[PDB]
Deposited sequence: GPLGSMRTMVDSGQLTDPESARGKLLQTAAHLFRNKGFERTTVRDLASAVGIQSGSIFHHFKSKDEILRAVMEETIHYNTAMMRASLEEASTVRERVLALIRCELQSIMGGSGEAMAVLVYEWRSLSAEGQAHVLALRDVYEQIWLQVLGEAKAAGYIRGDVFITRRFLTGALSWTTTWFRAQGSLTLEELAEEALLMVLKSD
């Protein structure tokens, strides 16, 4: 089950327990990097906010750049794994597309927010390398599922162009969704499905 696939991520050391020592650092660092800037935040600022000695951070990260990398990778890994979980809950081709639309909207409207909005211009290149690899996996899932829909005859246009259109359509929702007031995210997801798929 999808819960089990998430658990496997936990028992791979890929996802971090929020109430664990490492989780405390990541959670706080994300807050600090977000609403105070990465360049302004120091390692000792992180330790102070958490409530530990500045020397005990070396146990977990051994560098500030690696804290930023861990904050970004954790958030992407979680999001991607949650898309996979939602896909396992889907039963048809339409529900699989809807699963991806709904997941992306949830992140767009808040997820993780702090650890998602965060400083690419201050992350290293080797750190940029693995993050880009994670982004490729994320987009791979979109392309595969959209590819399934096209094979089933729900998409007449190009799969890659379709994803690019849908990327823009969904991200632009930050500018108008709250103003609707009564529209739920689930209703929003169904509308996006109506747009991009047939029948």
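Student: List the gaps, meaning deposited-sequence segments with no CA coordinates, ordered along the sequence.
Tutor: Unmodelled stretches: 119 to 121, 203.
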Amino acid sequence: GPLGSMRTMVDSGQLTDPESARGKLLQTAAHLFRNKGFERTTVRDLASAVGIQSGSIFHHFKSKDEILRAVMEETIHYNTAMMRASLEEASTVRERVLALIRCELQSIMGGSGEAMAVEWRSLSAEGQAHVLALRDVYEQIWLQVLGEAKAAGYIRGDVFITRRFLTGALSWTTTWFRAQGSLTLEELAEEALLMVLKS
From here on, numbers count along this sequence of modelled residues.
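Student: Would 153 to 161 or 28 to 36 have the larger average of its C-alpha temperature factors, as given in the entry?
Tutor: In the deposited entry, the stretch with the higher C-alpha B-factor mean is 28 to 36.
Student: According to the deposited model, is the average Cα temperature factor higher in 77 to 85 or in 97 to 105?
Tutor: Result: 77 to 85.
Student: In this PDB entry, which of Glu148, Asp136, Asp45, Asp65 has the top CA B-factor?
Tutor: Top of the list by C-alpha B-factor: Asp65.
Student: Splitting the chain's C-alpha B-factors into thirds, which one does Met195 fall into?
Tutor: It falls in the middle third of the chain.
Student: For the chain shown, is the CA B-factor of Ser182 in the lowest, middle or highest third of its modelled residues?
Tutor: Tercile = middle for this residue's CA B-factor.
Student: Looking at the entry's B-factor column for C-alpha atoms only, identify whether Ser171 ranks in the lowest, middle or highest third of its chain.
Tutor: Lowest third.
Student: Could you look up the Cα B-factor of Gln53 in the entry and say which third of the chain it sits in: lowest, middle or highest?
Tutor: Its C-alpha B-factor belongs to the middle third of this chain's values.
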